[PDB]
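A quick write-up on the structure given underneath.
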Amino acid sequence: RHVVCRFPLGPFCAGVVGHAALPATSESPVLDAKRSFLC
Amino acid sequence: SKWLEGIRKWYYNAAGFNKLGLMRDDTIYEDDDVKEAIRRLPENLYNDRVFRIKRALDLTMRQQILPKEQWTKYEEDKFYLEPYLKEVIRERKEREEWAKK
Amino acid sequence: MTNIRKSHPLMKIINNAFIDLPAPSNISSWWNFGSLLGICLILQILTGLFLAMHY
Amino acid sequence: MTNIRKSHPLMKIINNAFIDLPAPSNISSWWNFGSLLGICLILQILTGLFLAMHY
Amino acid sequence: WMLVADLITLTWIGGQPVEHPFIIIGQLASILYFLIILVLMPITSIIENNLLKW
Amino acid sequence: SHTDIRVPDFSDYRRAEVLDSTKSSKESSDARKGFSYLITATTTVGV
Amino acid sequence: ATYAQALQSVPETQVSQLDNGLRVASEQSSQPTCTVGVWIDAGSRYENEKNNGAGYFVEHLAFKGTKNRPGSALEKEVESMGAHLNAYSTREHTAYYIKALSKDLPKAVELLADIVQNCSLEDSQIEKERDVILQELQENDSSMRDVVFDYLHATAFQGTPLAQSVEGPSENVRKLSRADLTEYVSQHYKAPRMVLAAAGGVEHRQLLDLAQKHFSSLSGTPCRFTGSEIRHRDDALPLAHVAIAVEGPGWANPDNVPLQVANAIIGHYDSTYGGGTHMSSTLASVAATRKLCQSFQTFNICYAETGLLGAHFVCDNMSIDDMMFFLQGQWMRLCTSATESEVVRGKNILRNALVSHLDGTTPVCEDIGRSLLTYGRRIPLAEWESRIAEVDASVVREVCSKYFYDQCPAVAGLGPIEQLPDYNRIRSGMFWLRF
Amino acid sequence: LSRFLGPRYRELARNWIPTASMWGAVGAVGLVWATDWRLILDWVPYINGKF
Amino acid sequence: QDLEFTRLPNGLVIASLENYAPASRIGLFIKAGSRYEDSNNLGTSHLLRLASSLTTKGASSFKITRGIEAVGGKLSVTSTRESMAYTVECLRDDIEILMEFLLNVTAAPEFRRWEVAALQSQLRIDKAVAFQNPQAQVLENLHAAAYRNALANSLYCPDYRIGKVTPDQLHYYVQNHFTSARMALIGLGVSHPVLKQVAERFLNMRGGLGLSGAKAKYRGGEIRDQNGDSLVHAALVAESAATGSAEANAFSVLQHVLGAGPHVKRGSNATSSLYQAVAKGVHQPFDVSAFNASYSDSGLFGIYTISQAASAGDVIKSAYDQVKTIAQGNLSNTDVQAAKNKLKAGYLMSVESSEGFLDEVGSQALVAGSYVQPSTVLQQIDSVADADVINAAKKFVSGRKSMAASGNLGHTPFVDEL
Ligand code: HEM
């Protein structure tokens, strides 16, 4: 593989919804998954 | 066509907006399409148009006219607004045709 | 503080209608007649009223 | 697009006067009489006018 | 200005009685009024537009 | 703290047709709207 | 191949039933990975005020340990395989699924069985999860869309189980004991009310024999929609959330197909959409042009015998009114004057949504389980396309008139909603004098 | 007004023709009732008792 | 069937797979992004990504929007740091239509002053929406700190450049980066000859091998953001290997050894070495994973930690200590095997979806110029030895550190203190 999609978290960090135009950006694995367990 | 060119020049001289320093596109009635076209004009053209219109209004306020050699010449009159207005009207026609379907 | 002519409601209406109204600078005498009409109307009332006191 | 009621000048005035005017929720029947006065006035204008056609 | 002169003609004829020349001049004046306002003015404006290349 | 709130009991104001919570309101909607609009229509006829 | 040929070539969903009533369904697609999950027909709507948080509580401590894999061991096993274990519980369904390599199909199924049947509710684990759930509620408050939709459910289905939130009241969470959770699991986690679904590399015979191995040792109120409103006035919030709905149809009602089309005509918008003023949806175009809305979307949330059909939007303080106006106007148009071209566009949007949502083993498994729970069968995409093709402008107008025109809605507002029109004004907006 | 000479407006008309016809009947009945036409009210079975 | 991979004479790479799915998905991947911006055109890629529905030579903005929405299709632009992928997805019958629109968006853009000026504010709106979650800001600061150029550029336009991206800059960017040799046209549900024909019709005017940016120079700096948030997000990384190399596979296996993300909802992440190492001394809400960015010329590997403001230092030091212990050789073969299983499963799940498969094929075509079957990827994954993972951990521990932090800070250490 040669994509920045290394782990399910991180890539597609900030992808906005849309139709007929919906830009998205992809950074690298940035955690925050399982963070919501506790406030 | 030469007679057509002559009568067009005669009418341009008769329509006295050139006597005010104006250009043809300055006198156009500002409807929605013209308003959009003006809003699409580059800054230099918009500023030139605004100053020309203001000068014409100032001249008409005093009931005076621009000097004979300062009148806009028919052959050097530039249709600056025409392309932008054509594009705006084309876009409006496309939207209306889509609405017809 | 504020300006009464710009803040008071009736003064706001009057100022925006007849005082601070942006008006074109090149309008000729042919634009007077509108106001003239108003004057005529006012006259046609006043005079008319003083005719109704006896008619 | 817009709303004709909230955009048109006369419609703006009417909407802000009698349609979307914020009014207290607890005003009793004693606040009716105001409108009643207007009603009465209109009546006196109409009825009286028809008396002026024969008086 | 033709329309204004036509309105003046109509006023003058409305003053005048209903006799031989006044009837025909009034008919022509009314026809001209409606023709100028309805037909002649839009066509002339289109001609001017074509003369100004727009 | 949005889950501990519940709509207060409006049963003291509900029409007799919509008192039971285990019965759908789609059947009684026509009757209720018909009653209200019949009142309105009679009012309009008198006016 | 054409679109119809591609639809007809979609692999069919094979369904079998165990002797105890469990329904085992699979969709093989010849992939290295596969999703396998259990969908239980249990949720908030099957709970009363005494145990309104039982389902969410059980879901919270489903993976924390079992009678055979105490404590964290279960998790490690899943993590050892590279499998992803996930769960959720809505107002009507619960689901525990695993994404794993098809070679790991047996173990995963076994794990699921252990999660469903032999769940061990340790008291210390129960207290830990109670604290976690209380903090989760305090965090859920921050999420405005969830709050507004919970308010919509509470006001629309007041006096009925559907009004109850999935998580339940904090007092109910504190009161819930091991006995209540065990009773809830015993009553609701029963074989006839569960579906074992799988999609991907699974083979139906393998899944069926695995289910017979592990799941054999298993046990053998129409809600009333009320037109009302909940307004949580809070001027400190930056934006106002509004959710307005009307009584919708059930899962089995055919009218779900045209109604979705109708919603597809209304469409959705967000401030980050690049379509802008050129959006086909007139409401979306108006919202983009006038900056009336940060984001709005139409929804069709169906339940067993009822549903919420409407829209949700986020607006500035001074825009709510206008947005509502336009939104209602859109509905009225569909009820009175719906044209063929926009209906065709909505049908294309619905077809695209149906085909796109079913991309991936997990979405296909979720579709299989939810369809078996609700419809009792897996509706093939060919049948969906036939139902969509049956829709035209007249059908859209008739169905929208049936469900929208002159109907009492349920409204939920939250934030600076001072401009939110009064319920009488909204109700008046739900019909047209010209029509 | 070629902007409105399209298939959609033809469909739009057909959707609103029954409504416009109904409002026209309201106007017709209203005019007859308000003015007591009696050219039309003579046909009406019970109203014709008057005059 | 299988993937039909082909290289055109101009350098364009077209690949097509016919899976007979009812939906068709076509992507055009271009080697253009923030990496290929200089100090004078910062933010150009952002506006270009936001400008996928502007007027073009073939179709107008209204025509593009209405035509795409009429058939229910969707056109999206995904811009990573060193690539930009346009993609249109719709039904199998209508795909051809969208194809034209797609190649009008990229091959023949027409940036008109009024349209670009109207679009300018969308940059601010999109950046605010993206930065609603702190991870984006922390990552942008991390990439700015780690690299001196190229990869230093952020995915979003700088605030001072919001209203200053001229149409000429967009035209220059498109001309110098949207070239044939930097492009790849991948299709799912599309026949190969049709894709080749469309590529010939549109993607031939611009000669290949456009303007090439410089190699990213590692900086090893630090960027600390004081925004007063209760939770501190910290990212501490060091230069790893570039993508496509064996050491990159070693770094990915190391990331899955430490723990990339949870596999159980609300789970304790027992197999996550970093999580357990931090938990032993921290009893507050926390989260720690291994950050791994792989790029064409370089890469970053490190730890990303979300922690309490007063406990950030403890969490960061615990995670760093765990990585150091792994570097010293405290790595069991069973743990390596489990991480390899996690990596293989994650890769297969990623390529399982249509979007995932499309982006994977596009990235492979844009980086290696060829497609690699997932079997070969798995074989490469399992070829990693424990020694390789230990060496990658050593390289992280004994390498120049770059850190980006965002939160109340105060108790957050500095790069030197680590
Ligand atoms: C606030 C408004 C008005 C008030 C309070 C008012 C009051 C009165 C009163 C008390 C009378 C004596 C009637 C009687 O003794 O039989 C009267 C008579 C009359 N009013 Fe009015 N009036 C009002 C407006 C008008 C208007 C607007 C008109 C005409 C346009 C009008 C025309 C007349 C006439 C002609 C009479 C004499 C007819 C008669 O006495 O039967 N009034 N008015």
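For the structure tokens, the naming scheme is as follows: chains receive sequential letters (A, B, ...) according to their order of presentation, residues are indexed from 1 within each chain, and ligands are indexed from 1 in presentation order.
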I'd like to know which residues of range 290-434 of chain G are strand (DSSP E) (by DSSP, run on the backbone); could you write them as a VMD selection string? chain G and resid 295 to 302 307 to 315 410 to 415
Selection: 10 Å around residue 25 in chain C, only C-alpha atoms, excl. self and same-chain fewer than 3 positions, as an NGL selection string: (:B and (54 or 57-58 or 60-62)) or (:C and (22 or 28))
Would you mind listing, as a ChimeraX atom specification, all residues of chain I that have at least one atom within 8 Å of chain B, where only C-alpha atoms are what counts? /I:62,113-114
Would you return as a ChimeraX atom specification the members of chain H that DSSP assigns to helix (DSSP H, G or I) on this structure's backbone? /H:2-4,7-35,47-49
Just the selected residues (C-alpha atoms), exported as a short mmCIF file (atom, residue, chain, number, x, y, z; two decimals), in the first residue's frame, please.
data_model
loop_
_atom_site.label_atom_id
_atom_site.label_comp_id
_atom_site.auth_asym_id
_atom_site.auth_seq_id
_atom_site.Cartn_x
_atom_site.Cartn_y
_atom_site.Cartn_z
CA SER H 2 -41.18 32.05 -23.64
CA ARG H 3 -39.66 31.37 -20.20
CA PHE H 4 -42.99 29.74 -19.29
CA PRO H 7 -43.23 21.06 -20.37
CA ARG H 8 -42.94 21.73 -16.63
CA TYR H 9 -45.29 24.72 -16.80
CA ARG H 10 -47.73 22.60 -18.78
CA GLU H 11 -47.57 20.06 -15.96
CA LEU H 12 -47.74 22.91 -13.43
CA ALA H 13 -50.96 24.17 -15.03
CA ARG H 14 -52.61 20.74 -15.02
CA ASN H 15 -51.84 20.40 -11.31
CA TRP H 16 -53.48 23.75 -10.53
CA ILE H 17 -56.34 23.74 -13.06
CA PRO H 18 -58.73 21.83 -10.73
CA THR H 19 -57.92 24.25 -7.90
CA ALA H 20 -58.42 27.31 -10.10
CA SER H 21 -61.70 25.86 -11.36
CA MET H 22 -62.87 25.35 -7.78
CA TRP H 23 -62.03 28.94 -6.84
CA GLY H 24 -63.85 30.10 -9.96
CA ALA H 25 -66.96 28.26 -8.80
CA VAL H 26 -66.65 29.96 -5.40
CA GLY H 27 -66.55 33.31 -7.18
CA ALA H 28 -69.51 32.36 -9.37
CA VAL H 29 -71.61 31.14 -6.43
CA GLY H 30 -70.53 34.16 -4.39
CA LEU H 31 -71.49 36.63 -7.12
CA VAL H 32 -74.89 35.00 -7.63
CA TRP H 33 -75.50 34.90 -3.88
CA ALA H 34 -74.32 38.45 -3.18
CA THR H 35 -76.17 40.05 -6.10
CA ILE H 47 -83.63 29.32 -3.16
CA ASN H 48 -86.15 30.00 -5.94
CA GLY H 49 -88.90 30.10 -3.31
#
Chain D post-superposition (all in-order Cα pairs with chain C) as an mmCIF file with C-alpha atoms, in the first residue's frame:
data_model
loop_
_atom_site.group_PDB
_atom_site.id
_atom_site.type_symbol
_atom_site.label_atom_id
_atom_site.label_comp_id
_atom_site.auth_asym_id
_atom_site.auth_seq_id
_atom_site.Cartn_x
_atom_site.Cartn_y
_atom_site.Cartn_z
ATOM 1 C CA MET D 1 -26.327 61.103 23.029
ATOM 2 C CA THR D 2 -27.999 60.991 19.621
ATOM 3 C CA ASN D 3 -29.612 63.356 17.113
ATOM 4 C CA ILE D 4 -33.325 63.970 17.667
ATOM 5 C CA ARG D 5 -33.818 64.399 13.918
ATOM 6 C CA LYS D 6 -32.305 60.964 13.212
ATOM 7 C CA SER D 7 -33.712 59.189 16.300
ATOM 8 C CA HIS D 8 -37.255 60.371 17.056
ATOM 9 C CA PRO D 9 -39.758 58.183 15.119
ATOM 10 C CA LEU D 10 -41.679 60.968 13.382
ATOM 11 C CA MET D 11 -38.429 62.885 12.983
ATOM 12 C CA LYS D 12 -36.831 59.732 11.570
ATOM 13 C CA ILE D 13 -39.581 59.464 8.951
ATOM 14 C CA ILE D 14 -39.396 63.155 8.028
ATOM 15 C CA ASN D 15 -35.582 63.181 7.916
ATOM 16 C CA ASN D 16 -35.480 60.108 5.681
ATOM 17 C CA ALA D 17 -38.225 61.524 3.452
ATOM 18 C CA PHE D 18 -37.373 65.200 2.900
ATOM 19 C CA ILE D 19 -34.159 66.106 4.776
ATOM 20 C CA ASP D 20 -31.479 63.430 4.289
ATOM 21 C CA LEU D 21 -33.039 61.664 1.306
ATOM 22 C CA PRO D 22 -30.272 60.948 -1.238
ATOM 23 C CA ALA D 23 -31.391 62.667 -4.407
ATOM 24 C CA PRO D 24 -29.820 62.789 -7.876
ATOM 25 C CA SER D 25 -27.818 65.952 -8.405
ATOM 26 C CA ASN D 26 -28.921 66.468 -12.022
ATOM 27 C CA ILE D 27 -32.730 66.233 -11.890
ATOM 28 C CA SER D 28 -34.054 69.129 -13.956
ATOM 29 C CA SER D 29 -37.043 71.390 -13.318
ATOM 30 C CA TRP D 30 -39.309 68.597 -14.578
ATOM 31 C CA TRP D 31 -38.795 66.936 -11.182
ATOM 32 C CA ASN D 32 -40.319 69.940 -9.401
ATOM 33 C CA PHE D 33 -43.868 69.177 -10.540
ATOM 34 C CA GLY D 34 -44.124 66.194 -8.207
ATOM 35 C CA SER D 35 -43.769 68.454 -5.191
ATOM 36 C CA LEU D 36 -45.976 70.977 -6.996
ATOM 37 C CA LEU D 37 -48.670 68.307 -7.191
ATOM 38 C CA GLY D 38 -48.498 67.882 -3.432
ATOM 39 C CA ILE D 39 -48.665 71.652 -3.017
ATOM 40 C CA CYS D 40 -51.685 71.776 -5.317
ATOM 41 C CA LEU D 41 -53.304 68.953 -3.368
ATOM 42 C CA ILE D 42 -52.809 70.738 -0.051
ATOM 43 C CA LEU D 43 -54.162 73.932 -1.588
ATOM 44 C CA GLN D 44 -57.228 72.117 -2.897
ATOM 45 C CA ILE D 45 -57.740 70.656 0.569
ATOM 46 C CA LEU D 46 -57.443 74.022 2.309
ATOM 47 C CA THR D 47 -59.287 76.222 -0.179
ATOM 48 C CA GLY D 48 -61.968 73.602 -0.751
ATOM 49 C CA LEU D 49 -62.492 73.250 2.988
ATOM 50 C CA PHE D 50 -63.168 76.972 3.264
ATOM 51 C CA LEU D 51 -65.642 76.608 0.408
ATOM 52 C CA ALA D 52 -67.370 73.856 2.396
ATOM 53 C CA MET D 53 -67.998 76.316 5.245
ATOM 54 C CA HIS D 54 -70.461 78.215 3.031
ATOM 55 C CA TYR D 55 -71.556 75.723 0.345
#
Counting only C-alpha atoms, which residues from chain G have an atom at most 10 Å from any atom of chain H, and could you show them as a PDB file with C-alpha atoms, in the first residue's frame?
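Below you can see selection.pdb, which holds the result:
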ATOM      1  CA  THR G 336     -49.833  20.359  -4.431  1.00  0.00           C
ATOM      2  CA  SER G 337     -47.492  20.903  -7.406  1.00  0.00           C
ATOM      3  CA  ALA G 338     -44.807  18.247  -7.883  1.00  0.00           C
ATOM      4  CA  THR G 339     -43.379  17.968 -11.392  1.00  0.00           C
ATOM      5  CA  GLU G 340     -41.962  14.980 -13.232  1.00  0.00           C
ATOM      6  CA  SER G 341     -38.362  16.161 -13.658  1.00  0.00           C
ATOM      7  CA  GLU G 342     -37.787  16.768  -9.948  1.00  0.00           C
ATOM      8  CA  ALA G 393     -45.238  12.892  -9.823  1.00  0.00           C
ATOM      9  CA  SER G 394     -48.854  11.936  -9.108  1.00  0.00           C
ATOM     10  CA  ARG G 397     -48.242  14.424  -4.675  1.00  0.00           C
ATOM     11  CA  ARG G 434     -54.464  29.010  -2.288  1.00  0.00           C
ATOM     12  CA  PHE G 435     -54.863  25.238  -2.636  1.00  0.00           C
TER      13      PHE G 435
END
Sorted by chain and rising residue number, which residues of chain I lie within 7 Å of chain G, and what are their closest atom pairs and distances in Å to one decimal, counting only C-alpha atoms, as JSON lines?
{"residue": "I:20", "atom": "CA", "partner": "G:6", "partner_atom": "CA", "distance": 5.6}
{"residue": "I:21", "atom": "CA", "partner": "G:6", "partner_atom": "CA", "distance": 5.7}
{"residue": "I:22", "atom": "CA", "partner": "G:6", "partner_atom": "CA", "distance": 4.9}
{"residue": "I:23", "atom": "CA", "partner": "G:355", "partner_atom": "CA", "distance": 6.4}
{"residue": "I:50", "atom": "CA", "partner": "G:274", "partner_atom": "CA", "distance": 6.7}
{"residue": "I:53", "atom": "CA", "partner": "G:274", "partner_atom": "CA", "distance": 6.6}
{"residue": "I:62", "atom": "CA", "partner": "G:278", "partner_atom": "CA", "distance": 5.3}
{"residue": "I:65", "atom": "CA", "partner": "G:275", "partner_atom": "CA", "distance": 6.1}
{"residue": "I:66", "atom": "CA", "partner": "G:280", "partner_atom": "CA", "distance": 5.9}
{"residue": "I:69", "atom": "CA", "partner": "G:280", "partner_atom": "CA", "distance": 6.7}
{"residue": "I:70", "atom": "CA", "partner": "G:345", "partner_atom": "CA", "distance": 4.8}
{"residue": "I:71", "atom": "CA", "partner": "G:348", "partner_atom": "CA", "distance": 5.4}
{"residue": "I:72", "atom": "CA", "partner": "G:349", "partner_atom": "CA", "distance": 4.2}
{"residue": "I:90", "atom": "CA", "partner": "G:352", "partner_atom": "CA", "distance": 6.3}
{"residue": "I:91", "atom": "CA", "partner": "G:352", "partner_atom": "CA", "distance": 6.4}
{"residue": "I:92", "atom": "CA", "partner": "G:3", "partner_atom": "CA", "distance": 5.4}
{"residue": "I:93", "atom": "CA", "partner": "G:3", "partner_atom": "CA", "distance": 5.9}
{"residue": "I:125", "atom": "CA", "partner": "G:272", "partner_atom": "CA", "distance": 7.0}
{"residue": "I:126", "atom": "CA", "partner": "G:272", "partner_atom": "CA", "distance": 6.1}
{"residue": "I:263", "atom": "CA", "partner": "G:84", "partner_atom": "CA", "distance": 4.4}
{"residue": "I:264", "atom": "CA", "partner": "G:85", "partner_atom": "CA", "distance": 4.6}
{"residue": "I:265", "atom": "CA", "partner": "G:86", "partner_atom": "CA", "distance": 5.2}
{"residue": "I:270", "atom": "CA", "partner": "G:76", "partner_atom": "CA", "distance": 6.1}
{"residue": "I:271", "atom": "CA", "partner": "G:76", "partner_atom": "CA", "distance": 5.9}
{"residue": "I:338", "atom": "CA", "partner": "G:80", "partner_atom": "CA", "distance": 5.2}
{"residue": "I:341", "atom": "CA", "partner": "G:82", "partner_atom": "CA", "distance": 5.4}
{"residue": "I:342", "atom": "CA", "partner": "G:82", "partner_atom": "CA", "distance": 3.8}
{"residue": "I:345", "atom": "CA", "partner": "G:82", "partner_atom": "CA", "distance": 5.4}
{"residue": "I:348", "atom": "CA", "partner": "G:33", "partner_atom": "CA", "distance": 6.7}
{"residue": "I:349", "atom": "CA", "partner": "G:33", "partner_atom": "CA", "distance": 6.6}
{"residue": "I:352", "atom": "CA", "partner": "G:360", "partner_atom": "CA", "distance": 6.2}
{"residue": "I:353", "atom": "CA", "partner": "G:360", "partner_atom": "CA", "distance": 4.8}
{"residue": "I:354", "atom": "CA", "partner": "G:359", "partner_atom": "CA", "distance": 6.4}
Just want the 8 Å neighbourhood of range 22-33 of chain F, counted on only C-alpha atoms, with same-chain residues fewer than 6 positions away dropped. Output as an MDAnalysis selection string. chainID G and resid 160 221:226
Compute the chain A side of the contact with chain I at 6 Å, counting only C-alpha atoms, and hand it back as number ranges by chain. A: 2-3, 14, 19-26, 28-31, 35, 37-38
Show which residues sit within 12 Å of residue 87 in chain B, as a compact mmCIF listing (two decimals) with N, CA and C atoms, in the first residue's frame. Count only C-alpha atoms, and ignore same-chain residues fewer than 4 positions away.
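See selection_3.txt below for the written result:
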# COMPACT_ATOMS: atom_id res chain seq x y z
N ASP B 33 -29.64 41.76 -15.10
CA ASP B 33 -28.50 41.27 -15.87
C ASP B 33 -27.40 42.32 -15.94
N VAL B 34 -27.77 43.58 -16.17
CA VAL B 34 -26.78 44.65 -16.23
C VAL B 34 -26.13 44.85 -14.86
N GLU B 36 -25.65 42.57 -12.56
CA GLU B 36 -24.70 41.48 -12.39
C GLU B 36 -23.45 41.70 -13.23
N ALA B 37 -23.63 42.14 -14.48
CA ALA B 37 -22.49 42.38 -15.36
C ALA B 37 -21.58 43.46 -14.78
N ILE B 38 -22.17 44.53 -14.24
CA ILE B 38 -21.38 45.57 -13.59
C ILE B 38 -20.64 45.00 -12.39
N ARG B 40 -19.54 42.09 -12.15
CA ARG B 40 -18.49 41.22 -12.66
C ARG B 40 -17.37 41.99 -13.35
N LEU B 41 -17.49 43.30 -13.49
CA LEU B 41 -16.48 44.06 -14.21
C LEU B 41 -15.19 44.14 -13.39
N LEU B 81 -18.63 46.49 -21.46
CA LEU B 81 -19.59 45.71 -20.70
C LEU B 81 -20.21 44.57 -21.50
N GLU B 82 -20.17 44.64 -22.83
CA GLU B 82 -20.90 43.72 -23.68
C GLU B 82 -20.57 42.25 -23.43
N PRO B 83 -19.29 41.84 -23.37
CA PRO B 83 -19.01 40.42 -23.10
C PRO B 83 -19.56 39.92 -21.77
N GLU B 91 -26.11 32.72 -19.15
CA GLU B 91 -26.33 31.93 -17.95
C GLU B 91 -27.80 31.96 -17.53
N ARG B 92 -28.43 33.13 -17.60
CA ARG B 92 -29.85 33.23 -17.27
C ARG B 92 -30.69 32.40 -18.23
N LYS B 93 -30.37 32.44 -19.52
CA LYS B 93 -31.09 31.62 -20.50
C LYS B 93 -30.92 30.14 -20.20
N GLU B 94 -29.71 29.72 -19.82
CA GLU B 94 -29.50 28.32 -19.47
C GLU B 94 -30.33 27.92 -18.27
N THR I 55 -17.16 27.24 -12.98
CA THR I 55 -17.36 27.19 -14.42
C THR I 55 -16.11 26.69 -15.12
N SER I 60 -20.72 25.00 -17.42
CA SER I 60 -20.77 26.05 -16.42
C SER I 60 -21.02 25.45 -15.03
N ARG I 112 -12.88 32.16 -12.95
CA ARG I 112 -13.35 33.51 -13.22
C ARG I 112 -13.31 34.31 -11.93
Do a neighbour search on range 23-27 of chain E at 9 Å with only C-alpha atoms, toss out local chain neighbours closer than 3 positions, and write the hits as a list in words.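 Listed by chain and then number, they are residues 9, 10, 13, 14, 17, 18, 19, 20, 30, 31 and 32 of chain E.
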One decimal, Å: what's the distance from CA of residue 339 in chain I over to CA of residue 254 in chain I, could you say?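 Answer for the CA of residue 339 in chain I to CA of residue 254 in chain I separation: 7.6 Å.
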Need to verify the contact set: residue 39 in chain A, 8 Å, only C-alpha atoms, exclusion of same-chain residues closer than 5 positions in sequence. Can you return it as a ChimeraX atom specification? /G:135-136,139 /I:285
